[PDB]
Protein chains: 2
Amino acid sequence: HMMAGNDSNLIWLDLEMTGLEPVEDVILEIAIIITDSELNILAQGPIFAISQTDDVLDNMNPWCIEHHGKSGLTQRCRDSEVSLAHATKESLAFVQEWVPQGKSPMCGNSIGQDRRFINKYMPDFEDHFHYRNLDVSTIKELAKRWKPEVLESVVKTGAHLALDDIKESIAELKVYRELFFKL
Amino acid sequence: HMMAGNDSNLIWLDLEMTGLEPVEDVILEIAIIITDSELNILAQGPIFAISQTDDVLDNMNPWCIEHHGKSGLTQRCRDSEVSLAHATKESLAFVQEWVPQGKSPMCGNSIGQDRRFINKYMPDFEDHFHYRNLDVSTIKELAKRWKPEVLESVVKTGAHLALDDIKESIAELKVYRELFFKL
Ligand SMILES: O=c1ccn([C@@H]2O[C@H](COP(=O)(O)O)[C@@H](O)[C@H]2O)c(=O)[nH]1
Ligand SMILES: O=c1ccn([C@@H]2O[C@H](COP(=O)(O)O)[C@@H](O)[C@H]2O)c(=O)[nH]1
Ligand SMILES: O=c1ccn([C@@H]2O[C@H](COP(=O)(O)O)[C@@H](O)[C@H]2O)c(=O)[nH]1
Ligand SMILES: O=c1ccn([C@@H]2O[C@H](COP(=O)(O)O)[C@@H](O)[C@H]2O)c(=O)[nH]1
Ligand SMILES: [Mn+2]
Ligand SMILES: [Mn+2]
């Protein structure tokens with residue numbers, strides 16, 4: 001692929017989890033997408049729901065069992081045989097074809113929260129990325145203050161799973177690329 | 001002081017630390033600036049060099065021994081009697097005076113990294129912020145790819161002192177506001 005190894009390609013990711021604090025909580029779902037510098041979806045990596053026992057799946061926060069319930073996720077985690085070290089091996093591998101090492105920031109909405117869980121649980125996948133984040137939610141906060149009509153064009157999406165979400169982030173940033181940035 | 005309490009005020013911060021890994025490293029300095037939504041500086045918070053022992057100061061990572069050595073920070077931390085507890089309480093009270101709880105993201109360059117330290121070491125202070133980050137380095141990464149010439153106007157400065165580092169973040173964002181956003 002002529003684009004593969006382009007220095008300016010971006011790794012986008014979302015995670016789902018059992019909650020907000022890494023000390024306690026664990027990664028349930030993970031999805032990746034690669035884009036070029038202009039935000040064209042170049043390639044997908046794997047979408048892993050991770051194997052998590054019923055004790056863990058029963059002891060999430062009340063937000064988590066209610067929303068990961070109604071959106072067959074917790075059921076996907078039970079029925080999954082995917083390990084976290086196998087999601088990591090397949091996650092890294094996918095990414096590494098596409099970008100040189102330490103080039104792309106980690107991209108997503110509130111991607112620092114995700115990077116916390118990546119940093120503890122998946123520390124070798126993290127090592128491929130530039131230390132920076134490209135947090136789409138930074139631009140949202142600027143839009144809210146500087147040009148909030150722009151938010152009318154942003155598609156909200158009720159879902160809470162890792163591909164729905166990441167795809168939603170890419171497309172948010174597309175809207176800002178078109179109506180908020182001057183390029 | 002008229003703008004004290006406005007929902008859309010931004011809390012800006014920069015920390016210096018003994019190193020890049022919260023697990024082992026600690027906070028040596030914090031500076032906070034409040035701006036309005038438009039980036040007019042409204043207040044400067046109290047700057048603290050956090051008291052540390054000769055044991056901590058002499059065995060931080062070699063980057064730090066040199067640049068904190070150079071900068072007069074290592075020495076400000078020797079003479080300081082400021083506990084992280086006091087710095088936290090004071091910084092919280094300052095920020096409460098200017099922005100309602102839960103409204104402002106945490107603002108600066110690669111601010112997710114400073115959030116890691118605040119989360120571990122100053123949890124009460126973190127609780128003031130919205131969960132989101134307003135990361136100027138996200139916009140720097142976008143400018144690199146989409147309008148790299150804008151970076152000629154960004155002013156860089158060598159100082160690695162919290163106050164100087166945050167004023168520089170604010171000013172970098174002012175440059176993008178003018179050259180890179182379509183307001
Ligand atoms: O009110 C909330 C919203 C989200 N989450 C956590 O944040 C993770 C990522 O959320 P998102 O990608 O659905 O925003 C979820 O899997 C869940 O663990 C919560 O604990 N409470
Ligand atoms: O109270 C909350 C609600 C959501 N999230 C996190 O915020 C992100 C959603 O991003 P945003 O698009 O709302 O900024 C997810 O990573 C989710 O885990 C929090 O940390 N705290
Ligand atoms: O090459 C570096 C760059 C940064 N830092 C750590 O990150 C902190 C914050 O960086 P900055 O605000 O000076 O950029 C420094 O106090 C230092 O602990 C290093 O250890 N080595
Ligand atoms: O090699 C480096 C240099 C800086 N930093 C972190 O990034 C910040 C500088 O951010 P930026 O302005 O380069 O994005 C510093 O405060 C530091 O904590 C790193 O992790 N690695
Ligand atoms: Mn998310
Ligand atoms: Mn810094």
Side-chain angles (χ1 to χ4, degrees), chain A residues 12-22 25 27-31 61 63-64 67-68 102 105-119 126-127 129-141 143-144 151 154 156-157 159-169 172-173, chain B residues 13-22 25 27-31 61 63-64 67 102 105-106 108-117 119 126-127 129-144 151 154 156-157 159-162 164-166 168-169 171-173:
Chain A
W12 294 75
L13 62 92
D14 192 45
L15 314 176
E16 306 300 328
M17 304 84 138
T18 61
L20 302 169
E21 282 286 306
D25 296 301
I27 306 162
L28 299 169
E29 203 175 350
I30 151 154
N61 68 38
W63 187 96
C64 275
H67 280 94
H68 306 320
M106 193 179 295
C107 317
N109 274 87
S110 284
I111 195 56
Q113 184 63 10
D114 301 290
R115 185 155 190 152
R116 291 171 73 185
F117 285 77
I118 296 317
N119 155 265
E126 201 205 355
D127 290 15
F129 292 76
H130 193 268
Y131 71 84
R132 287 178 183 145
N133 300 323
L134 195 170
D135 183 359
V136 168
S137 292
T138 291
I139 302 142
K140 184 191 319 264
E141 287 296 320
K144 286 171 53 177
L151 295 172
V154 170
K156 227 286 197 199
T157 318
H160 289 285
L161 58 74
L163 202 97
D164 284 23
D165 285 4
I166 247 317
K167 186 163 154 71
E168 200 208 313
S169 298
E172 188 177 2
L173 185 63
Chain B
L13 71 90
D14 193 41
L15 304 188
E16 307 301 335
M17 299 85 138
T18 58
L20 285 320
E21 259 304 327
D25 294 303
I27 304 177
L28 303 182
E29 188 182 33
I30 173 167
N61 84 17
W63 190 92
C64 294
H67 297 90
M106 184 178 301
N109 282 267
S110 286
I111 192 55
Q113 177 71 8
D114 309 66
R115 197 153 194 151
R116 282 171 84 203
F117 284 79
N119 173 265
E126 197 195 7
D127 289 351
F129 300 79
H130 193 95
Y131 69 82
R132 283 182 192 136
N133 287 333
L134 190 178
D135 198 339
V136 174
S137 300
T138 290
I139 301 127
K140 185 208 291 312
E141 284 293 318
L142 294 176
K144 286 165 57 173
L151 300 173
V154 173
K156 200 199 161 67
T157 322
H160 289 275
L161 297 175
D164 289 338
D165 286 4
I166 26 143
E168 179 182 307
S169 297
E172 173 181 9
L173 185 54

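Both ligands and their constituent atoms are indexed starting at 1 by order of listing. Naming convention: chains lettered A, B, ... in sequence-line order (proteins, then strands); numbering from 1 in each chain.
At the shortest separation from atom 11 (P) of ligand 4 among protein heavy atoms lies B/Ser137 OG, 3.5 Å. Here the heavy atom of the protein found nearest to atom 1 (O) of ligand 2 is B/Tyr131 CD2, 4.0 Å.
A donor and an acceptor atom, one from each side chain of A/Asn109 and A/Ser169, are located under 3.5 Å apart.
For ligand 4 and B/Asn109, the ligand atoms under 4.0 Å from any heavy atom of the residue are 12 (O). Close approach to B/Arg132 involves these atoms of ligand 2, each under 4.0 Å from a residue heavy atom: 11 (P), 13 (O), 14 (O). The contact set between ligand 4 and B/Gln113, taken as ligand atoms under 4.0 Å from a residue heavy atom, comprises 18 (O).
Note that atom 8 (C) of ligand 2 has protein non-hydrogen atoms nearby, at separations under 4.0 angstrom. Distance check for atom 17 (C) of ligand 2: every protein heavy atom is found at 4.0 Å or beyond. Distance remark: protein heavy atom present below 4.0 angstrom from atom 20 (O) of ligand 4.
Checking A/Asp14 against the Mn ion (ligand 5), an N/O/S atom falls under the 2.8 Å cut-off.
A/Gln113 CD to B/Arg115 CZ: the interatomic distance, rounded to the nearest 0.5 Å, is 8.5 Å.
Closest heavy-atom contact between B/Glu29 and B/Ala162: OE1-N, 3.0 Å. Scanning all heavy atoms of the two residues, the minimum distance from A/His67 to A/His160 falls at CD2-CD2, 4.0 Å. The shortest non-hydrogen separation linking A/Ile166 to A/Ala31 is CG1-O, 4.4 Å. Closest of all the heavy-atom pairs between B/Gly19 and B/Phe117 is O-CZ, 3.4 Å. Closest approach of B/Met17 and B/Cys64 over heavy atoms only: O-SG, 3.5 Å.
Checking each of A/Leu151, A/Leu173, A/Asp135 against A/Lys140 for a side-chain contact (heavy atoms from CB on, under 4.5 Å) leaves exactly one that passes, namely A/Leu151.
Of the N or O atoms in B/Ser110, one or more lie within a sub-3.5 Å distance of an N or O in ligand 4.
When non-hydrogen atoms are compared, ligand 2 lies under 4.0 Å from the side chain of A/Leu20 (C-beta onward) but not from its backbone.
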